[PDB]
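Please read the structure below before turning to the comments.
Protein chains: 2
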Amino acid sequence: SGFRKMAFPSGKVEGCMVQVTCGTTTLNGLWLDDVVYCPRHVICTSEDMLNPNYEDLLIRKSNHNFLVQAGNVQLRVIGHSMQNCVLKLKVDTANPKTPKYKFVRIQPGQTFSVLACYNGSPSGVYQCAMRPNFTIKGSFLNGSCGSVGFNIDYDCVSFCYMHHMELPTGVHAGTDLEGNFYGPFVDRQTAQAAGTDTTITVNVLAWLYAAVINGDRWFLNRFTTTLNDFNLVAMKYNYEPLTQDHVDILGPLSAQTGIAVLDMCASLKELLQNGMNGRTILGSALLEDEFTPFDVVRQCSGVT
Amino acid sequence: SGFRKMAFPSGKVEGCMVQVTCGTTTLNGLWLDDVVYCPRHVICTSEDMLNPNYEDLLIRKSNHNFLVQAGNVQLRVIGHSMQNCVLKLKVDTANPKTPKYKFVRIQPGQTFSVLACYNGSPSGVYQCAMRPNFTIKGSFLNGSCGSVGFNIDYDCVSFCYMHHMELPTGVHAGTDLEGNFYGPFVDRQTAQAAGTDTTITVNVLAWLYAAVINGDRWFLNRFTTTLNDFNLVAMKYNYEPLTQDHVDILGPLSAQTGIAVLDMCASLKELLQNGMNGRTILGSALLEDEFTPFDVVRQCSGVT
Ligand SMILES: Cc1n[nH]cc1NC(=O)Cc1cccc(Cl)c1
Ligand SMILES: Cc1n[nH]cc1NC(=O)Cc1cccc(Cl)c1
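Right, here's the structure in full:
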């Protein structure tokens, strides 16, 4: 027992990290097969980032201007193309450490591990959620661009995120591996509104189930609620409205604990209306929304 | 910017994980060079765990009874020895993936990453602290025994922990890589008192510094305190007494922020005496003690 903000083992992703330099800019690239994927802003200088004309900037670049280094060895670039906000650098050598992989677009409210890198070198790994507003609250300094988000199902790594930018508000924005930004963001040094964020209700409920499985039960009560009544409370507290799909995804946890989803909702309703009264749940003093129902089951059953 | 509970990249440790089976018991082993390290309770059955005579149990075991498997390949065991609470299984093949490594005994209050494993396979990675009472609050189910705790300084992995047991209270206990338990624990299925725990003061202060570096400053005040006065408050709130050594270790953070250590102590004093008033610091509603001053500097400077 015990419940932690657990990240996937980062080994398979570490073997893919490379450094990409273009002119004065260095960031991280992901080397899968004979292609290196990196943020397209690697081609920019300080003056460009205010409103870059990426097409024009890229035209002044040739294959030999993209210096790709996998630790101590240099990769030979034989092609370059821009797809949305990513550059795809064709190299003459397929990565020997390429794991089985997929590029996937995650949905808001889903979680993933981030392998934070600098100069193509891994610094650390953490688990996070894609906020309902498409931002991520990560830990990314200058040069972390190109660090990726992923999930692992047995031997297959599904890459879902590539880091690109830190908004003036300190939150993070990036793209899928086809270079499409999550959210309304643009790779420009400009103030950009991130939408109103909400708390991921299904995840808080999954975490209340994890708490019950792992011994923390003080918040369970004699009450129940309806999806309509709960959603009135969720509206007041800036929580995502709960749907039957979310209830259905919580099914396995409801079955394991024997606590009906709407009974758990009434505990959440009371916690929202009264707070924790200076108590904790799984070592937290707030309602945690970065564990999905799948994360809770995987961690509580020890899926490797 | 941004501050997360970041674990070290687990790649170098993943390449060392093996499965060890002896009779009906299977757990994880760490394969470094031509030796596999695992908890000695792998030799026990259900009936034995109440009060095992490990020396007697081990005498009935031969090299061929220890089945060691590194994924799909089987390792040939040519020797076995018990050192404290670990078994050292000499194998005929040195691990090709052995990183540069050290075995170290960490001090209480220090942090490390745990690569949680089942059947010699990695399931996830998380960062945790060795509590002042020598326990760890991990996430470990049955079969996670043999999963290890470590730190990484550039290319060297310092292994500091091997998981052995979950106490009746749900907290975790284990050993250094020489098999010495951290704390008064014994590898027996018996109720065992863990000492009175305290909050790691130097770590909370390091985390208040991380909060200031990363934008959260609401808790800073116009006050200062002394080590004597602060320690009177720390005594009342079950916090470790602050010493000049802790102040000295906070030096770099005090220098970067320009906030004197005793000024930060007065902010901590006010937070202890008044609580957070329903506010958060770095996404937390409690005072976090699982980041050391070294962790804060490493994460805030992007050491790879
Ligand atoms: C400070 C930081 N953290 N994570 C990423 C950064 N760096 C940036 O955001 C640099 C940058 C500026 C403007 C637009 C874009 Cl796409 C990129
Ligand atoms: C449930 C669990 N979590 N992490 C480890 C376990 N398993 C155990 O504690 C099994 C066990 C029982 C008694 C003594 C010892 Cl050394 C080991």
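The listed protein sequences derive, respectively, from chains A and A'. A prime marks a further copy of an entry chain. Numbering-wise (the entry's author numbering), the first sequence opens with residue 1 and increments by one. Numbering-wise (the entry's author numbering), the second sequence opens with residue 1 and increments by one. Idealized CB from N, CA, C, for every residue including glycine.
Distance, residue j Cα to residue i Cα
i	j	result
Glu240 (chain A)	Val104 (chain A')	47 Å
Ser62 (chain A)	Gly143 (chain A)	22 Å
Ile281 (chain A')	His246 (chain A')	22 Å
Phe223 (chain A')	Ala260 (chain A')	11 Å
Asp92 (chain A')	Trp31 (chain A')	12 Å
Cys38 (chain A')	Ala7 (chain A')	23 Å
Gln69 (chain A)	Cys44 (chain A)	19 Å
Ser301 (chain A)	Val157 (chain A)	20 Å
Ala94 (chain A)	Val77 (chain A)	12 Å
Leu177 (chain A)	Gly120 (chain A')	31 Å
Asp56 (chain A')	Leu50 (chain A')	15 Å
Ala191 (chain A)	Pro168 (chain A)	6 Å
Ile59 (chain A)	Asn53 (chain A)	10 Å
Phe181 (chain A')	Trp207 (chain A')	29 Å
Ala194 (chain A)	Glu166 (chain A)	12 Å
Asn214 (chain A')	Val296 (chain A')	11 Å
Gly251 (chain A)	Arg217 (chain A)	19 Å
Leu75 (chain A)	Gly29 (chain A)	12 Å
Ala255 (chain A)	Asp33 (chain A)	42 Å
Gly79 (chain A')	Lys90 (chain A')	5 Å
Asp155 (chain A)	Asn277 (chain A)	44 Å
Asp248 (chain A')	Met235 (chain A')	21 Å
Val18 (chain A)	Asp153 (chain A')	20 Å
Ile106 (chain A')	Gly183 (chain A)	43 Å
residue 305 (chain A)	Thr24 (chain A)	Since the displayed chain A opens at 1 and closes at 304, residue 305 (chain A) lies outside it and no answer follows.
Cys16 (chain A')	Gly283 (chain A')	34 Å
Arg40 (chain A)	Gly275 (chain A')	45 Å
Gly71 (chain A)	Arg279 (chain A)	47 Å
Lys102 (chain A)	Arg131 (chain A)	22 Å
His64 (chain A')	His64 (chain A)	56 Å
Whole-angstrom C-beta distance between residue j and residue i, which should lie under 8 Å
i	j	result
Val20 (chain A)	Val42 (chain A)	5 Å
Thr175 (chain A')	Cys85 (chain A')	5 Å
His172 (chain A)	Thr135 (chain A)	6 Å
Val204 (chain A)	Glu270 (chain A)	Contact doesn't hold; Cβ gap of about 13 Å is too wide.
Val212 (chain A')	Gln273 (chain A')	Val212 (chain A') to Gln273 (chain A'), Cβ: 20 Å. No contact.
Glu14 (chain A)	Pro9 (chain A')	5 Å
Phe3 (chain A')	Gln189 (chain A')	Rounded, the Cβ-Cβ distance is 40 Å, inconsistent with contact.
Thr225 (chain A')	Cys160 (chain A')	That pair is no contact at about 33 Å.
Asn238 (chain A)	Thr199 (chain A)	6 Å
Sub-8 Å separation of residue i and residue j beta-carbons
i	j	result
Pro96 (chain A)	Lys12 (chain A)	no
residue 317 (chain A')	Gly170 (chain A)	Because chain A' in this structure spans residues 1 to 304, residue 317 (chain A') falls outside the shown range and cannot be described.
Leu220 (chain A')	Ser267 (chain A')	yes
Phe291 (chain A')	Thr111 (chain A')	yes
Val114 (chain A')	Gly138 (chain A')	yes
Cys117 (chain A')	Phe66 (chain A')	no
residue 306 (chain A')	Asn133 (chain A')	Missing from the structure shown is residue 306 (chain A'); chain A' here goes from 1 to 304 and no further.
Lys5 (chain A)	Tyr126 (chain A')	yes
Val303 (chain A)	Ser123 (chain A')	yes
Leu286 (chain A')	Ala285 (chain A)	yes
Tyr209 (chain A')	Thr243 (chain A')	no
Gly179 (chain A')	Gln83 (chain A')	yes
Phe140 (chain A)	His163 (chain A)	yes
residue 305 (chain A')	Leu253 (chain A')	The requested residue 305 (chain A') is not part of the displayed model; chain A' covers only 1 to 304.
heavy atom of ligand 3 below 7 Å from residue i C-beta
i	result
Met17 (chain A)	Ligand 3 is not part of this structure, which contains only ligand 1 and ligand 2.
Next item on the list: Taking a Cβ distance cut-off of 8 Å, strictly less, list which residues of the segment 39 to 51 of chain A are near chain A', in chain order.
Entry: none
Next item on the list: With a cut-off of 7 Å, give the chain-ordered residues whose Cβ is closer than this to any heavy atom of ligand 2.
Entry: A:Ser1, A':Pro39, A':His41, A':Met49, A':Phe140, A':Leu141, A':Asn142, A':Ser144, A':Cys145, A':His163, A':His164, A':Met165, A':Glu166, A':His172, A':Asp187, A':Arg188, A':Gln189
Margin query: Any C-beta of chain A' within less than 7 Å: which residues of the segment 180 to 196 of chain A qualify?
Written below: none
Item checked: Interfacial residues, the segment 102 to 122 of chain A to chain A', with Cβ spacing under 8 Å -> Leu115, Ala116, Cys117, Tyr118, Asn119, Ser121, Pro122
Item checked: Contact set between the segment 266 to 294 of chain A and chain A', restricted to residues whose Cβ is under 9 Å from the partner -> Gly275, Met276, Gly278, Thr280, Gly283, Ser284, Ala285, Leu286
Notebook entry, point to check: Which residues, in order along the segment 140 to 158 of chain A, keep a beta-carbon less than 9 Å from a beta-carbon of chain A'?
Noted result: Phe140, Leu141, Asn142, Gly143, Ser144
Checklist line | Proximal residues, the segment 165 to 181 of chain A versus chain A', C-beta separation under 9 Å | finding: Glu166, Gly170, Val171, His172
Check: Of all the residues that make up the segment 219 to 250 of chain A', which are near chain A by a beta-carbon distance shorter than 7 Å?
Finding: none
Check: Listed in chain order, which residues of the segment 1 to 16 of chain A' have Cβ atoms closer than 9 Å to some Cβ of chain A?
Finding: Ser1, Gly2, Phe3, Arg4, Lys5, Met6, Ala7, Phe8, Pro9, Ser10, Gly11, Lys12, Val13, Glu14, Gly15
Next item on the list: Compile a chain-ordered list of the residues in the segment 61 to 81 of chain A' whose CB is closer than 7 Å to at least one CB of chain A.
Entry: none
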